[PDB]
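# Topology and contacts: notes
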Amino acid sequence: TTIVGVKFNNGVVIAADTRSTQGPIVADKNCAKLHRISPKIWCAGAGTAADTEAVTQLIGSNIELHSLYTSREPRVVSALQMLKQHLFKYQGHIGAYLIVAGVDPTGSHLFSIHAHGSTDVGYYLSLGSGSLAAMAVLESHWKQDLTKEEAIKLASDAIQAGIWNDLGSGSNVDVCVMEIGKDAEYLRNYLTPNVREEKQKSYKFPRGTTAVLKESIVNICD
Amino acid sequence: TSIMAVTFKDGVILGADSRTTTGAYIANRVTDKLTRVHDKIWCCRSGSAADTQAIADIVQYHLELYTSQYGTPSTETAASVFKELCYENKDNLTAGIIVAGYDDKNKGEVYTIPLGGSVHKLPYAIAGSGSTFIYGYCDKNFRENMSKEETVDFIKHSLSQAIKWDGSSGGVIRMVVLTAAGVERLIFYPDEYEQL
Amino acid sequence: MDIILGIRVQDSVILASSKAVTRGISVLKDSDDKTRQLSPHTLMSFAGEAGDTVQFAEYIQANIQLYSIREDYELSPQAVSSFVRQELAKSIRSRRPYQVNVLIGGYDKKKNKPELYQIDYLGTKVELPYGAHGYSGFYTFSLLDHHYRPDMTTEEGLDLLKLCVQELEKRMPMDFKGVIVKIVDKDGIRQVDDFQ
Amino acid sequence: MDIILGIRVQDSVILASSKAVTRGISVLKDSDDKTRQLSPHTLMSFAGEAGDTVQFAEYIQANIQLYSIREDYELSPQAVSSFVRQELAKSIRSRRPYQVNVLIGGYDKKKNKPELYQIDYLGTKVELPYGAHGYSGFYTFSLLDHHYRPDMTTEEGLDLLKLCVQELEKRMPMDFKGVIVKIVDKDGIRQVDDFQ
Amino acid sequence: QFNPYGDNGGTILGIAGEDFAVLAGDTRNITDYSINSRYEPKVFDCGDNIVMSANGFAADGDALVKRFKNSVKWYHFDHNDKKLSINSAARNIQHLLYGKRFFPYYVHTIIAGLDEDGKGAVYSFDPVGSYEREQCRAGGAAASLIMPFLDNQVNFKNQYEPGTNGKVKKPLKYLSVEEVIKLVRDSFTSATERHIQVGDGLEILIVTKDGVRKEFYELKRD
Amino acid sequence: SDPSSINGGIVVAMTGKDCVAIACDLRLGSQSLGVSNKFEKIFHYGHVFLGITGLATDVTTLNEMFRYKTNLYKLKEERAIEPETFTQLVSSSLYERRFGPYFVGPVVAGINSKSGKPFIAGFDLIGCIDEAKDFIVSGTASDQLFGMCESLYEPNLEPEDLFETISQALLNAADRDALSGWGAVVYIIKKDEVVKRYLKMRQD
Amino acid sequence: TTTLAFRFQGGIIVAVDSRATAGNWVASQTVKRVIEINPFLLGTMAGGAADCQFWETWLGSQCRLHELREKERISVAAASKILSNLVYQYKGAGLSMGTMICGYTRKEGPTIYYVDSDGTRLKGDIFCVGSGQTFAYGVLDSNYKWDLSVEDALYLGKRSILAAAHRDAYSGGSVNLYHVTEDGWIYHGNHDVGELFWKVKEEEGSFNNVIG
Amino acid sequence: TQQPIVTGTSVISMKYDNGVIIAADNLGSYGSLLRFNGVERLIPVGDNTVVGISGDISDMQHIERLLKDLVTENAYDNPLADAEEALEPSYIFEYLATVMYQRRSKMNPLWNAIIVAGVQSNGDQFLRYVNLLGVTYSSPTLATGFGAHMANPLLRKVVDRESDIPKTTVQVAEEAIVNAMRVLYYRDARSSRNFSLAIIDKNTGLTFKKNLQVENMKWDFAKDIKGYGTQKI
Amino acid sequence: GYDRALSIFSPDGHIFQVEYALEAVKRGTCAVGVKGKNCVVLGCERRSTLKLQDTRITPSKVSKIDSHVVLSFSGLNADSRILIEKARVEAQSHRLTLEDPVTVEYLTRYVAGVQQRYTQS
Ligand SMILES: COc1cc(/C=C/CCCN2CCCN(CCC/C=C/c3cc(OC)c(OC)c(OC)c3)CC2)cc(OC)c1OC
Ligand SMILES: COc1cc(/C=C/CCCN2CCCN(CCC/C=C/c3cc(OC)c(OC)c(OC)c3)CC2)cc(OC)c1OC
Ligand SMILES: COc1cc(/C=C/CCCN2CCCN(CCC/C=C/c3cc(OC)c(OC)c(OC)c3)CC2)cc(OC)c1OC
Ligand SMILES: COc1cc(/C=C/CCCN2CCCN(CCC/C=C/c3cc(OC)c(OC)c(OC)c3)CC2)cc(OC)c1OC
């Protein structure tokens, strides 16, 4: 897994690859690793995937209720404080490693949070088994005052660093852009550089080829 | 990491490298380890980042509640909330904290809280992994009641040595100055402190 | 491990259970009954950890008796075993699991069929023409796979079972002091007094 | 555990050895003879670790048979047993000790006396009226301590043995598949054609 | 403590046609989650019409390939340049392997070529010298994803004649080389998708009475 | 020692044109010992089919639990639960036991009665959702299953075809796993009807 | 795996399965678990595949050198004691072997020695070895007659392996059958457990709790 | 069987159109104490080969001696010691890969990762890796330690495959290496600013650059970074 | 480590140390054996150099090797003892490893081999 977040002049973009692994096996060649906390606060997750989903949906739900109660738009600094205090409680047993990005009425934000409950702030970040490939690219091509289109390119490339160079990362690139005065823009499969080639054969069986002992139609409706 | 706080004539200055590391991999090279728990009460954090951010967050909450009830807390009181959290939870924390702040009654003050939950009031305090290498240097170079410029240099030099030798330290030298004038943030980049 | 055997024939369920109880290097008893009658048409045999084995069986017994009194009715074999499986499935995640494996043999009076259920201490249940717990099945399953017919009389079942016990007495390192054999049919539950 | 028993009566020595051979979960053989003839008037029974027992036994047999031809003399039982005792005491401190226990039963044709020797895998040798290796003593020694007489006939000694095997057959968890009985007297070595 | 062993990924595959034999392997060499090389071949021509792959721990696999090539040369020296028969090669490899029975080559070995009747042939080995002649055998990381496919597609397992209802097993026809090459390529593109240690390139060595030729196909690079 | 490997067994699910298929082996064993040849791992609640592999006592418990839950659902909601909703219920249920989980690998298959679209999903033992549109695999031969599926599967198969495909995937993969087999059942599922066939396979 | 040998009036029947597993993974359904030491001696493979296949081949070399020096067939006793003695030199080093050395000489008649990596060597009439052994014993024990026909003996050995292939997860694939006579051994084919199960079920009426 | 004490970190390398570049920093660490700074971990062998070394430094020093001795002895009774019979890069590597493997196989390894860089006498570029396990492989890019995680992904963008090598000039390839060296100094905690670099070009020969520093560093943005999520001052 | 070649060829192709060993044999007390239809007898000759010889404790000329095979010699006495020990041990070892006593030919071939080795070492 490789996830990154890059700040640009008017917002923030996060990106992730689409590969879920069980050991050395690829279970999903298109997993969505970009999660929604609120409409303009999004999350990339790495670690135990049940945990990254569990924790973003929980804090997601509490964030919604806080929002309805205070009649205010959700703040990133809140999803941060809530994530980190939940994680810290569980001493890292909740294996969620997270980059949280968003725009709110105070500006644009980018943080990373660790399973144990530590948080970091920066203009560019990465996590995952592709963390290193991605951060090499970011250390090479980042500058302040990125345009939107520049920050997409950058974040997009960094994921490609992990797709190619990291065994744990692969397949497609997912991006979400959240810009200060606009709707969060979510690009599922922004990049698909990994299409499987056409097989050398079709493996359709001639019907009747399987040996059957019993048939019986099944009762759906009571 | 390498952290220190030094008292001088006009107040007190905290310093730190900006490197946090996970093994040999530098997870963050622009870390801010200087942490505000009150207007003129700051801390230097070292140890588990999670343990140490969480402790600071609770102390910030406590002194804020203190403030709304009994006005401004003493540096000594900030140190006490820290000690209390660190001592009573000693089995489940890896935190080494230098607390530093300013009063008009008291001027600059420095408390170090090491792994014990013990608490120690010192004229200056070093801590973090890089600290071992500058024990000798600082003992030969600390003078009481230095000027602000003297003190900023004493920290610059010490921390550049700690960063030089300890690979757990590095990046930028950050400082925070606490005087009656108020609160001043300083930064010093590699190219500057390396060639000293 | 001691012998727990069951075969369901045409119109009854046979349960053969080993007679030995061994603690240490001494065989403490050669006449132990590893069954409880749960209702007059439902028999339960059991093997496992010392203590747990009887405490559990009698627990279940009391429970099925209570129900019988409360409803003036006799739970079907399928209902008793589901009850039992669930108790086992609860205890597996408890602080101290019962380490008990059971066969439940009953004659369903409504359905007019004998039924044999095998349930291990995890709560793994299955309905079976023949079953066993422990190593008992490793020796005997081959004989049963060969000779079993669902139309077998009770005397034919007993022949097949006798054969099974002979193979255990031959190839198994332990002396289990023989088996007690019980039959559950439409008339209820009886002990075959002669199985030498 | 394997059964290794011996008793010397008036003018003869009786050795009883369990017939079972178990590899893990199966009893591979029920007709095993756990003795080697060393001299025409000396028998050795053995029990212990799987490969070691026969390798040792046959090694000792070869050496006694070689001595016999070299001298045209049959070494005395006491001498044969001192040789064996030294061979085990060498091995106990070697790189892989033979884990074998033995009884030696022989008629000293020179002294007209039956003699019985007990030696364990570590070289501990002792001369006895009756002896047993492993757990075998625990069941039978109360019987022998009671009934044993130095002046017993071979018939009486065979009866005493019959009692011992019965006690073993009822209190021991393991089925040792019975025993082979052998007598060493002045006429040499014979096996009881039917016992139990 | 020092660990004398490692794992370099890779999967290999050997199939025996009735007058030919192929032996194929991917070309990616890995360590943990890192890719060491996208092209480092591990199927070799050892002369006398014998191709050989030793997949597993690469140091051991290299060492073993060296020793065998060298035993072919010494066989020639010692027996007036007699051709090393595939069965003799196999028996000799047993001895090579079993020499380290208590410090094994951590590899799975396959060799391919023609027997002394012109018929195609595959031998596969334990790490410690167990060996059998076989029709087809994949080995290494993705062996378990490839073997069932082969059982179904080469030996027509579980297939019967339509309308026979499992009363007539679908008849074994035997496959041309190009046909067998298709199965190898599909096998590998498949394992590439679902196994993270498989990709980059696929090199197939083909052995006929006319010698040893070598086809190469690209694989997905994530 | 590995709870997901004591009993054995596998489940594979697949989507074709206006249909979905879900198959399982029939084996239940204790390590090397084959106990039952009739232990099915595919259950349904209305028109939602759930296949469970893993520890047998949990497979059972989970089925009883999802019956219970989908019963109270129908009662309160007055409609049968849909696949996507169910899949969410499975996930939240497994996560309830995050630090003491059920040792299973569940697989959901069905057709949305309103939207008509075919649906399959899979989970690990603590509820993370595999949201794939092609096939989902689970159990002790999950590796073999992956290899076979990636090759054999092509999208939009008619029911009669998809049956051939999913059966062949199940069969050969189970024959390369010591802990799976002893018979098999395949469910072909459409909006109108659901057909259930028992395959013939080697009994070793 | 499951391997069996037993002697009867007509010599020795040897029967084995052919499955190899590493973990849960079935690595092969086609392994030869019978080692043809020489035309008069069979060995069976259990425990370590390599250890049996290797040393029993080596056994074949030692058996030939004996025949050249002594100008006579080696006794099954001597052949087995060579294997046994060798193995015993390695005790503790981690060899894994369980095996029947089987042969028919004039001096001895049909003879079976069980030999294992512990240094055990046993003469006997019926042996089974491997994870499936306990199943095969049951069938063998209740049908073994000394005066079994040859046709029937071949069946019993085949049926005993089928028994264990069905119940044991680690045995299966196919049955390999041998008859050992004094003139040497005769291979009696490879029968897939797949097909054999159904035929046996149908024709014999057994395996009743299986749907077919 | 041992454990490393004084250690050197990443060695990075790639090949361009007419040769190879290899680089390595000048640091000998002692656990987390950055002890020795004048440590040369690139070792040129004659004039067509550089061997770069990471791992245990005492073991490096040993291999260093083995290489001078390899050169001394190649000269013995060889009037072509600097012509048709000079040490070739493939010779040195096969030698090295042989010793590593034997050392691992005696369960007493040299605790090192080695890259051997050079040009063969027919002009061919040589780039191959070997480590304490005796494992060997080649690629247009090669790196050890953190370099395989951070340096390779960058270097691979210049040279993805074989056909990219002819298209890659020495200016481009050297710039890529110096960049990677800076990235490594940003992110690897056992790295040093001072490093050495060597080009082995098939026309210009061995060029050996020393006392280089990582330059053009971006640290300024750090002033705008305060607290760890919630702080404002 | 004395390894001087004592048994070598001379130009006529004779090995003189082996031949001088034969001379030692001619000197020794005569020995004979003859094969019955169902027995073998060994006859030897008693030395008549001196008497006052204790007859019950002087080494006899015939030695049992196993219980079914005897060896008699002629020549150096001290030499014959060594040969006898070696064969008695091989008789046992042969039984230990093959579970048969030695055939007479096997044991002959064994002893023969030992002597041969001493002509070439
Ligand atoms: C005992 O004290 C010490 C501890 C340490 C620190 C040791 C290890 C560091 C901590 N971690 C180890 C590495 C693992 N980790 C995980 C980070 C992200 C995981 C990426 C990822 C990978 C995957 O595939 C494997 C995923 O798929 C399942 C995935 O999910 C989307 C995410 C973070 C934490 C270092 C020390 O100095 C040298 C030390 O002093 C002696
Ligand atoms: C700057 O941030 C960091 C903090 C830390 C964590 C610092 C904490 C150090 C932990 N300890 C070191 C300090 C000392 N210590 C115990 C002292 C050992 C002596 C044994 C002892 C035991 C006794 O018990 C009976 C004694 O009483 C008699 C006694 O007498 C003094 C001595 C244990 C614990 C580690 C870092 O990486 C390297 C790091 O860099 C990013
Ligand atoms: C401390 O020293 C003393 C010892 C003794 C005499 C010792 C006897 C103790 C009593 N117990 C020991 C023996 C009996 N026992 C139960 C243990 C049974 C073990 C058999 C067993 C077999 C199995 O195989 C079938 C098992 O597997 C299912 C199994 O369960 C794990 C257990 C519990 C209690 C008496 C004393 O008098 C004051 C005394 O103090 C001076
Ligand atoms: C049929 O094929 C299979 C066989 C087996 C099991 C193989 C059984 C072979 C038979 N034996 C070989 C295996 C080992 N064995 C005895 C164990 C040896 C104990 C070693 C030892 C250690 C010591 O410790 C130092 C000792 O000294 C105290 C000592 O005594 C001298 C001995 C018993 C006999 C398991 C399988 O499942 C995966 C399988 O199917 C693929």
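Residues numbered from 1 in each chain as written, not as in the entry; some residues may be left out. Chains lettered and ligands numbered in written order. Part of a larger assembly, values for the part shown. Heavy atoms only, no water.

### Some thoughts on the overall build of chain A
Looking only at helices and strands, one finds four helices and 14 strands in chain A. Viewed in the frame of its principal axes, chain A has a C-alpha envelope of about 65 × 50 × 35 Å. A separation of at least 24 residues holds for 61% of the contacts in chain A among residues at least 6 apart in sequence. (Helix = DSSP H or I, 4+ residues; strand = E, 2+ residues; numbered from the N terminus. Contact = heavy atoms within 4.5 Å.)

### Structural notes on the site of ligand 3
Residue and element names in this part refer to chain C. The environment of ligand 3 is formed by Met1, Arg23, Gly24 and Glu49. When isolated, ligand 3 has an accessible area of 950 Å², and the protein chains bury 16% of it. Here the residues of the shell around ligand 3 are counted per class, giving one nonpolar, one polar and two charged. (Near = heavy atom within 4 Å. Areas by Shrake-Rupley, 256 points an atom, 1.4 Å probe, with all protein chains shown as cover. Nonpolar A, V, L, I, M, F, W, Y, C, P; charged D, E, K, R; others polar.)

### Observations regarding the interface of chain A and chain F
Taken together, the contact pairs 36 residues of chain A with 43 residues of chain F. Buried surface at the junction of chain A and chain F, summed over both partners, amounts to about 3300 Å²; 54% is from carbon and sulfur atoms. Linking chain A with chain F are eight salt bridges, by the criterion used here. Its salt-bridge partner being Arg207(A), residue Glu160(F) comes within 3.9 Å of it at the nearest N-O pair. For the interface between chain A and chain F, the tally reads 19 residue pairs in polar contact. Of all elements in the fold, only β4 (25-28), α1 (49-70), β13 (212-214) and β14 (217-218) of chain A reach the threshold of two or more residues within the side of chain A that touches chain F. (Buried area = accessible area lost by both parts, 1.4 Å probe. Salt bridge = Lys/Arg side-chain N within 4 Å of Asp/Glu carboxyl O. Polar contact = N/O pair within 3.5 Å; in protein donor to acceptor, adjacent residues only side chain to side chain.)

### Overview of the UniProt feature "active site" in chain A
Residue and element names in this part refer to chain A. If you check UniProt for "active site", the listed places come out as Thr1 in our numbering. Within the fold, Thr1 resides in the segment before β1 (2-8). The class of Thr1 is buried, set by a relative accessible area of 17%. Apart from the residues within four sequence positions on either side, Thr1 is in contact with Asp17, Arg19, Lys33, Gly45, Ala46, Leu127, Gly128, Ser129, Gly130, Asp166, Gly168 and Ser169. Among the polar contacts listed, one links the side chain of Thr1 to the side chain of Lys33, at a separation of 2.4 Å. (UniProt positions renumbered as here; feature names shortened; annotations may be inferred. Buried < 20%, exposed > 50% of the residue type's maximum accessible area, 1.4 Å probe, protein only.)

### A few points about the sheet that holds strand β7 (residues 100-108) of chain D
Residues and elements named next belong to chain D. Read from one edge of the open sheet, five strands run β5-β6-β7-β8-β9, paired in antiparallel fashion. Edge positions in the sheet fall to β5 (35-39) and β9 (125-127), since each has one partner strand and no second. For this sheet the average axis-to-axis angle between neighbouring strands, irrespective of direction, equals 20°. With respect to the sheet, helix α1 (residues 50-71) is in contact with β5, β6 (42-48) and β7, its orientation differing from that of β5 by roughly 15°. On top of the sheet, helix α2 (residues 77-91) reaches β5, β6, β7, β8 (113-119) and β9; it is set at about 5° to β8, its chief contact. (Pairing = 2+ DSSP bridges. Axes fitted to C-alpha atoms, helices over the stretch in contact; angles between N-to-C directions.)

### Overview of the state of the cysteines
Taken as a whole and assessed by the stated rule, the structure comprises zero disulfides over all chains. Free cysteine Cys176(A): the closest other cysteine sulfur is in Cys43(A), separated by 11 Å. Just so you know, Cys86(B) is unpaired, no disulfide at all, and the nearest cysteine sulfur is the one on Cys43(B), 9.9 Å from it. (Disulfide = S-S within 2.5 Å.)

### Some remarks on helix α1 (residues 49-70) of chain B
With 22 residues, α1(B) extends 31 Å from end C-alpha to end C-alpha; this agrees with the ideal 32 Å at 1.5 Å per step. Residues of α1(B) that are buried sit in contact with α2 (76-89) and β9 (119-121) of chain A together with β5 (34-38), β6 (41-47), α2 (75-88) and β7 (95-103) of chain B. Of the residues one or two after α1(B), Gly71(B) is the one with positive phi, at around 75°. (Expected span 1.5 Å × (residues − 1).)

### Side note on the environment of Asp175(C)
For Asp175(C), the position within the fold is in the loop between α4 (154-171) and β11 (179-185). In this structure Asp175(C) comes out as partly exposed when scored by relative accessible area, which is 25%. Setting aside its immediate chain neighbours within four residues, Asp175(C) contacts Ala20(C), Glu169(D), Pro173(D), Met174(D) and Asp175(D).

### A word on the site of ligand 1
Taken together, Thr1(A), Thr21(A), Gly45(A), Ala46(A), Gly47(A), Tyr97(A), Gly128(A), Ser129(A), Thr22(B) and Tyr33(E) form the complete shell of residues around ligand 1. Those residues lying near ligand 1 are distributed over chains A, B and E. One of the backbone N or O atoms of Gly47(A) is found 2.8 Å from an oxygen atom in ligand 1. Starting from 950 Å² of accessible surface for ligand 1 in isolation, the protein chains cover 39%. Tallied by class, the residues present in the shell around ligand 1 amount to three nonpolar, seven polar and no charged.

### What about the packing of aromatic side chains?
Under the definition given, this model contains 50 aromatic pairs over all chains. Taking the centre distance of 5.2 Å and the plane angle of 70° together, the rings of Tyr130(C) and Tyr148(C) count as edge-to-face. Pair noted here: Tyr130(C) is in strand β10 (residues 130-133) and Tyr148(C) is in the loop between α3 (136-147) and α4, with a separation of 18 residues, a long-range link. We classify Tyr130(C) as buried; its relative accessible area is 5%. Pairing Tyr5(E) with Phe103(E) gives two aromatic rings, centres 5.8 Å apart and planes at 90°, and the pair type is edge-to-face. Of the two residues, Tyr5(E) sits in the segment before β1 (11-16) while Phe103(E) sits in the loop between α2 (86-98) and β7 (107-114), which places them 98 residues apart along the sequence. Through pairs of rings, three or more aromatic residues link up here, namely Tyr98(E), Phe102(E), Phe54(G), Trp55(G), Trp58(G) and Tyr90(G). The residue whose ring lies beneath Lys214(A) is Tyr198(F), and the NZ or CZ to ring-centre distance is 4.9 Å. Here the guanidinium or amino end of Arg97(F) rests over the ring plane of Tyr102(F), the centre of that ring lying 6.0 Å away. (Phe/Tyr/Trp six-rings, centres within 6.5 Å; stacked < 30°, edge-to-face > 60°. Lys NZ or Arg CZ within 6 Å of the ring centre and 35° of its normal.)

### Topic: the side chain of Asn7(F)
Looking at the secondary structure, you find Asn7(F) in the segment before β1 (10-16). Classification of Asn7(F) by relative accessible area gives buried; the value is 3%. A polar contact is formed between the side chain of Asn7(F) and the backbone oxygen of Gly29(F), at a distance of 2.9 Å. If sequence neighbours within four positions are ignored, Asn7(F) has contacts with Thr124(C), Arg27(F), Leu28(F), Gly29(F), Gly54(F), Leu55(F), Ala56(F) and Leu179(F).

### So, helix α2 (residues 89-105) of chain H
In a regular helix each residue adds 1.5 Å, so 17 residues correspond to 24 Å; α2(H) covers 24 Å between its end C-alpha atoms and thus fits that length. Within α2(H), burial applies to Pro89(H), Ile92(H), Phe93(H), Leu96(H), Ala97(H), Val99(H), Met100(H), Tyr101(H) and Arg104(H). On its buried face, α2(H) is in contact with α1 (58-78) of chain E together with β7 (49-56), α1 (57-75), β8 (112-119), β9 (125-131) and β10 (136-137) of chain H.

### Focus on a negative patch on the surface
A cluster of acidic residues, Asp11(C), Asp151(C), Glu155(C), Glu156(C) and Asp159(C), forms a negative patch at the surface. Residue position: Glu155(C) is located in helix α4. (Patch = residues over 30% accessible without salt bridge, like charges linked within 9 Å, V, L, I, M, F, W, Y side chains within 5 Å. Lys, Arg positive; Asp, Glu negative; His and termini not counted. Charge placed at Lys NZ, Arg CZ, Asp CG, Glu CD.)

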